[PDB]
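Everything on this sheet refers to the single structure shown next.
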Amino acid sequence: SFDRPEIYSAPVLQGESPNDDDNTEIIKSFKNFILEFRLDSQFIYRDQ
Amino acid sequence: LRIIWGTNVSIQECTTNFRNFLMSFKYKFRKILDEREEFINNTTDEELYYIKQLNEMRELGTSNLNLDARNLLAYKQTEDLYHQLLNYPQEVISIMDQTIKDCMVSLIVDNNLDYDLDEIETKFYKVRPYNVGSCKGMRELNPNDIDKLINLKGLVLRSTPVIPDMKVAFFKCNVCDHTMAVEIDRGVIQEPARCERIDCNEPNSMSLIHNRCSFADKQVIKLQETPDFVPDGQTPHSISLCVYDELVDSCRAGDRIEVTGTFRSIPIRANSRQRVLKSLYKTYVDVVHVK
Amino acid sequence: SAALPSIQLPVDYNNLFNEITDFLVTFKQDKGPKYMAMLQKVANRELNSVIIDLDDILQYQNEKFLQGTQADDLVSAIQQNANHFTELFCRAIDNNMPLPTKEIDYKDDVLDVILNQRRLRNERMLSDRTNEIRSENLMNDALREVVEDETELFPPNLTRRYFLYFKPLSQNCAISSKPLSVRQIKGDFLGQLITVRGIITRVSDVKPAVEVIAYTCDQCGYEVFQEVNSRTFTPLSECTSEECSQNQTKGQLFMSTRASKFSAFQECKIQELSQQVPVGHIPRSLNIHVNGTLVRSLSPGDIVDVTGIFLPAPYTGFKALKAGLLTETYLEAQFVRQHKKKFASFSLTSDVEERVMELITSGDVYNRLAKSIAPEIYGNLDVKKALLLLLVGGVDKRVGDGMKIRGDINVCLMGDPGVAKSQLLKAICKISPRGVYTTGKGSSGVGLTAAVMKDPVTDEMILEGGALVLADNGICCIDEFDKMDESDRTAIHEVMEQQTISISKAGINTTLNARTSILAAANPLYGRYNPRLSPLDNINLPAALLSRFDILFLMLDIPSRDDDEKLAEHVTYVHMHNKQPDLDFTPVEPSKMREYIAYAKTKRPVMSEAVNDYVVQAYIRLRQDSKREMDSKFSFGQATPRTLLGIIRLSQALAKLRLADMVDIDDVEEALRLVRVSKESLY
Amino acid sequence: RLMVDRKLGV
Ligand SMILES: Nc1ncnc2c1ncn2[C@@H]1O[C@H](COP(=O)(O)OP(=O)(O)O)[C@@H](O)[C@H]1O
Ligand code: BEF
Ligand SMILES: [Mg+2]
Ligand SMILES: [Zn+2]
Ligand SMILES: [Zn+2]
Numbered sequence: 002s003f004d005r006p007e008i009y010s011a012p013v014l015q016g017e018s019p020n021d022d023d024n025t026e027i028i029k030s031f032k033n034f035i036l037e038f039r040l041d042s043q044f045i046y047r048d049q
Numbered sequence: 177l178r179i180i181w182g183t184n185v186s187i188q189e190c191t192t193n194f195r196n197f198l199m200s201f202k203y204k205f206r207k208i209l210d211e212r213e214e215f216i217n218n219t220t221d222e223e224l225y226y227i228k229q230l231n232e233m234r235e236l237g238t239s240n241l242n243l244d245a246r247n248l249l250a251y252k253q254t255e256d257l258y259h260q261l262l263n264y265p266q267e268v269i270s271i272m273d274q275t276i277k278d279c280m281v282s283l284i285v286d287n288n289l290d291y292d293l294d295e296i297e298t299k300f301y302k303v304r305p306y307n308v309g310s311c312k313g314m315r316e317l318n319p320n321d322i323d324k325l326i327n328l329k330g331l332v333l334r335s336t337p338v339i340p341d342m343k344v345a346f347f348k349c350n351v352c353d354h355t356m357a358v359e360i361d362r363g364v365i366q367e368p369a370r371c372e373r374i375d376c377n378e379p380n381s382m383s384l385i386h387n388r389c390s391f392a393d394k395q396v397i398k399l400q401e402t403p404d405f406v407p408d409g410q411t412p413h414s415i416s417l418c419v420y421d422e423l424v425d426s427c428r429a430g431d432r433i434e435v436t437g438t439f440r441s442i443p444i445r446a447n448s449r450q451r452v453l454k455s456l457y458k459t460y461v462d463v464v465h466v467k
Numbered sequence: 002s003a004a005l006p007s008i009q010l011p012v013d014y015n016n017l018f019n020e021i022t023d024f025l026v027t028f029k030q031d059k060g061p062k063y064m065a066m067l068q069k070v071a072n073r074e075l076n077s078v079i080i081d082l083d084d085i086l087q088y089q090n091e092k093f094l095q096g097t098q099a100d101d102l103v104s105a106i107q108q109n110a111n112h113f114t115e116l117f118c119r120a121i122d123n124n125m126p127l128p129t130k131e132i133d134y135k136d137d138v139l140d141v142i143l144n145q146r147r148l149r150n151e152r153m154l155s156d157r158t159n160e161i162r163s164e165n166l177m178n179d180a181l182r183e184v185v186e187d188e189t190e191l192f193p194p195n196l197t198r199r200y201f202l203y204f205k206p207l208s209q210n211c212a220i221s222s223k224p225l226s227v228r229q230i231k232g233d234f235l236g237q238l239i240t241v242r243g244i245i246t247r248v249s250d251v252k253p254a255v256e257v258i259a260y261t262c263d264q265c266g267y268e269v270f271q272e273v274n275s276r277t278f279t280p281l282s283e284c285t286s287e288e289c290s291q292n293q294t295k296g297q298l299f300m301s302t303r304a305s306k307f308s309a310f311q312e313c314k315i316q317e318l319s320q321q322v323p324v325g326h327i328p329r330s331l332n333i334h335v336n337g338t339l340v341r342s343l344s345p346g347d348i349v350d351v352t353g354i355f356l357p358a359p360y361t362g363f364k365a366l367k368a369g370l371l372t373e374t375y376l377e378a379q380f381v382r383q384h385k386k387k388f389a390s391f392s393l394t395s396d397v398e399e400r401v402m403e404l405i406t407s408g409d410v411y412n413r414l415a416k417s418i419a420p421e422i423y424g425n426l427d428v429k430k431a432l433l434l435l436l437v438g439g440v441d442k443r444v445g446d447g448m449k450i451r452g453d454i455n456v457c458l459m460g461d462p463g464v465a466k467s468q469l470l471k472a473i474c475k476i477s478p479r480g481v482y483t484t485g486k487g488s489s490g491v492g493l494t495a496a497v498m499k500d501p502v503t504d505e506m507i508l509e510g511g512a513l514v515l516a517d518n519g520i521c522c523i524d525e526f527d528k529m530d531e532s533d534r535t536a537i538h539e540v541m542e543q544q545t546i547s548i549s550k551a552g553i554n555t556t557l558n559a560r561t562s563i564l565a566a567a568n569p570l571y572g573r574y575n576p577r578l579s580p581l582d583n584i585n586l587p588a589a590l591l592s593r594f595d596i597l598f599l600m601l602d603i604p605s606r607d608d609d610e611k612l613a614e615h616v617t618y619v620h621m622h623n624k625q626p627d628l629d630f631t632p633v634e635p636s637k638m639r640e641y642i643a644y645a646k647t648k649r650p651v652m653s654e655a656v657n658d659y660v661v662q663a664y665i666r667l668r669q670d671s672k673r674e675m676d677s678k679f680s681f682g683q684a685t686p687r688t689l690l691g692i693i694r695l696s697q698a699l700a701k702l703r704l705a706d707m708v709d710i711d712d713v714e715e716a717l718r719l720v721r722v723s724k725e726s727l728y
Numbered sequence: 529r530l531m532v533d534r535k536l537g538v
């Protein structure tokens, strides 16, 4: 007669440095590429 | 700067304060805190207590220093270090050990003593505090007091035999004889999933050699408390001290001792189903000093 | 949606959440808001427990309805489903928590500094994410929403220090008002907020119960939390951190006990009062769960009205007996009301001050407090005075050398059968905050008990003793003292003369603490007193044991034309009207008497030089008198230094009765009078 | 390794 127990999480301290091959770093690079690519001084991908 | 997470301790500041206390402690300060200034001695109070103690430590060659926490309370500059020591046993104790080693080697260097520093830097020094406040018994220790210094006095009823405690595992690779030694960290040993060599990779090549591991002493002492204060209708309670290393085989049955140490709590496995732990934690006391 | 159907219910949790928030913010009846001030005190790390007074909620509802505004029945909803409203109140409080005005000063509890660190860290993460998303340059409300959706904060469950408890409605103001026996706590009451009235039997010792075990992944630098709401849990071994989860690199966790959340835990197992048991049955017990700051509030042999939530738990009995989703129950304690106030909990506030003033200003405190003990008993004034002195108790001295003096009185009520001896023991049991009524030979066959059983909740062996340990700091009313076997008499030797019990049986080598005042009542040898035989033979108590008793009344039964007709009139009137006959004085009810006795127990009077000379001369004269009649027909025993100590103890108790810090000469005179007239009925 | 900034508290 009990509810399922949750499992939280939280970042606390800087662990080992994120490698380039790390998926999160790939996603960050991709997001920055989407948000900062400039052609003819225009954010083509952001506006698209 | 740079306080540790989950604590109020800064390594640099605490080391500075402990060195300051070591350099400039005189027993007259404890006499002042004891309001016993009429008993102030001209000889002993003038002399520097811990500097002298560290000296005879150097000549005799011992590796353990016994610190009275009320002396820390006596020194104004280290009044905060006292509370830091109570609230954070392990960190502050390690800080003290490093500072003791530093002070030993510095004192040898400054006087340019002929005594070689080979032994000193290789040795490991330990600080054993005591006289850390009152007793408060064990019925009065709430769960918020886990991992704090507590002072207990009682009668030693029973003392278990010496229990070996694993420190370094000795897994051996069957295939390429890649014998890696794994130190234990926070009571955890991590098995190499495969052979740690790159040329040889066989997960089943590992078979732990029990006999060639390096162990350490551990003795569990059953202490029945005799607290200075007893609540109404409270029968005497028995607590399980856990001594380590040199303190093993020191306290005999029937000795009336006063012990200080770290109030710990550990999950107890419900052996009905393996690797399932009870939500009520067993409480025991690691022992740092016995008087 | 077909697998899990839906039901419409009269409760709307959003409207009730709004009502809860408004009640917390705008309740002033008890300058500022009561609960806002309490929350401010909590923020400054003063109070660790928030007591939600349901009477306040009822008054809030009455105010809202009286002015015409429609307010939903919050009190009824809380009573019907208490568990959910705990979290509703907790979240409402967590929203309205003010900020501290006194920061960490190196002397604060480690829990507080950890909570502050977590709060600052999650605030820093939130602000940093806000800054990044703002700098991306793609209203601040949308920014707040996106950053709070995209960040992994320490949950508010791990940043609260206070504990939440509900106080049931007072019956006079008004279900929780009516206390219920364990028998009446049926399966219909689960989830409600009920009040169970009973006597606490077996309280375990406080042990840490883990609520949210905390781990650390060294590789990814995260802290992962695993909530636990079961008696047993499974530890974690593989990282659950989202970023570390997507990353295929191996991660290992480690327990961090300092980081984990613990709650002080205790189990109490209350039983039924003897009055509640129906005819022919035996009392049955009910488990009580105590969490947070309520621990150590319940002790064995306590009459209490525990109010709590009657939650169920999954069954742990035999599978054969389990036929369905059988569940075992318990009562999560929320409020504890001691039916008899302990002496050690006394406090001189105005509430007790006014009534104490009322007693003393009217005067005649000694006679009133003596007569108020069992008013239905007639004519036994001197023994009532002795029992009152027993209740007050003397002063115990502790010389610096380690010498200790008892400071407690022991009264023996010898007498012919039918002189209401056993009634006075029951009256004392009903007056004293702690006490045990042992009797006979078979009953309480071991007043001293060397019982070392196992604690059901914690595997460590606990030591259990007889009534003597339960009667610590109390009165162990012993009945049928002469019929008690020799083993219990030998144990009571030490229990009376010292305050300890020394045990060296198999498995136990200890020394229990029993600072108990023994009150006994036994018939003389050969039933009634035989005036042919010497008094020391009728009593049949060895001189070692008899010396321990400070006062040993004889209470002989002798027929009389006048006294017996007065006694008959008294008893017949008591049977006609269930009241004390006379109208000269109104008796003091046991609550007021107990309050005054506690106040008197606070004082520690001291003797005087002239008083000391008088006592010394009296002791010398008594010793000479004992020597003279060492073999006369009235040899009530040779006087011993314990007689001097008893004189001192009685004088100190009498001084306490007048609320004085200085022993008076007339008090010593009265103590001598009582000691002498304890044997006056012998003639 | 566990080192963090000192602005957390005092
Ligand atoms: N002085 C008295 N006042 C009131 N009732 C009395 C008195 N003496 C005897 N009784 C009655 O006589 C009975 C004896 O009660 P109990 O206390 O058991 O006697 P005992 O223990 O002395 O043998 C009870 O019913 C009690 O009410
Ligand atoms: F006959 Be009575 F209980 F002393
Ligand atoms: Mg009787
Ligand atoms: Zn290999
Ligand atoms: Zn991880």
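Here the protein sequences come in this chain order: 5, D, G and 9.
So in the authors' numbering the end of the first sequence lands on 49, straight run, no missing numbers.
So in the authors' numbering the end of the second sequence lands on 467, straight run, no missing numbers.
Take the third sequence: its letters are residues 2 to 31, 59 to 166, 177 to 212, 220 to 728, numbered as in the authors' numbering.
So in the authors' numbering the end of the fourth sequence lands on 538, straight run, no missing numbers.
We treat Cβ as the ideally placed atom computed from N, Cα and C, and that holds for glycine.
Asked	Found
According to a CB-to-CB cut-off of less than 9 Å, which residues of the stretch 180-201 of chain D neighbour chain G?	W181, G182, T183, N184
Quick check: does the Cβ of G487 (chain G) come within less than 7 Å of any heavy atom belonging to ligand 2?	no
Looking at the secondary structure, which residues open and close the alpha helix (DSSP H) in which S104 (chain G) lies?	102-108
Quick check on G353 (chain G): does DSSP put it in helix, strand or coil?	strand
Rounding to the nearest angstrom, what Cα-Cα distance links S186 (chain D) and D23 (chain 5) in this structure?	33 Å
What is the chain-ordered set of residues for which the beta carbon lies under 7 Å from any non-hydrogen atom of ligand 5?	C262 (chain G), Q264 (chain G), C265 (chain G), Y267 (chain G), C284 (chain G), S286 (chain G), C289 (chain G), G296 (chain G)
So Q266 (chain D) is in the alpha helix (DSSP H); what residue range does that whole segment cover?	265-287
On the DSSP bridge assignment, give the partners of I339 (chain D) in chain order.	Its beta-bridge partners do not exist; DSSP assigns none.
So with CB distances below 8 Å, who are the chain G contacts of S10 (chain 5)?	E190, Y267, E268, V269, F270, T285, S286, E287
With a threshold of 7 Å on Cβ separation, who are the neighbours of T275 (chain D) within its own chain once the five nearest residues in sequence on each side are excluded?	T191, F194, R195
Let me check you understand the geometry: is the CB of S726 (chain G) closer than 7 Å to at least one non-hydrogen atom of ligand 2?	no
Pull up the distance between the alpha-carbon of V428 (chain G) and that of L719 (chain G), whole angstroms please.	9 Å
With the cut-off set at 8 Å, would you say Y267 (chain G) and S282 (chain G) are in Cβ contact?	no
For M531 (chain 9), which beta-bridge partners are listed by DSSP?	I180 (chain D)
Per the contact definition of three or more C-beta pairs closer than 8 Å, is the stretch 392-400 of chain D in contact with the stretch 329-344 of chain D?	yes
Going by CA-CA distance only, name the one from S282 (chain D), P265 (chain D), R212 (chain D), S239 (chain D) that's closest to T436 (chain D).	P265 (chain D)
To the nearest angstrom, how far is it from the Cα of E37 (chain 5) to the Cα of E188 (chain G)?	21 Å
Going straight from the alpha carbon of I327 (chain G) to that of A472 (chain G), what length do you get?	24 Å
Cβ of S467 (chain G) versus every heavy atom of ligand 3: is any distance shorter than 7 Å?	yes
In the DSSP assignment, the alpha helix (DSSP H) including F24 (chain G) goes from what residue to what residue?	14-26
Quick one: residues in its chain with C-beta nearer than 8 Å to the C-beta of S414 (chain D), no 5 flanking neighbours on either side, listed in chain order?	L333, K398, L399, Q400, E401
Could you round the C-beta distance between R198 (chain G) and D122 (chain G) to whole angstroms and report it? I think they count as a contact, below 8 Å.	6 Å
Kindly list, in the order they appear in chain 9, the residues whose Cβ is closer than 7 Å to that of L148 (chain G).	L536
Let me know the alpha helix (DSSP H) ranges lying completely inside the stretch 368-420 of chain G, each 4 residues or longer, listed in chain order.	395-407, 410-416
Anyone know if the C-beta pair for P359 (chain G) and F31 (chain 5) falls short of 8 Å?	no
I'd like to confirm something about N332 (chain G): is its beta-carbon nearer than 7 Å to some heavy atom of ligand 2, or not?	no
Under 7 Å Cβ to Cβ from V540 (chain G), same chain only, skipping five residues before and after it: list those, please.	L513, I546, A559, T561, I563
Is any heavy atom in ligand 1 found nearer than 7 Å to the beta carbon of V78 (chain G)?	no
List, in order along the chain, the chain 5 residues whose C-beta lies closer than 8 Å to that of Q291 (chain G)?	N24, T25
Taking the beta strand (DSSP E) that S414 (chain D) belongs to, which residues open and close that run?	414-420
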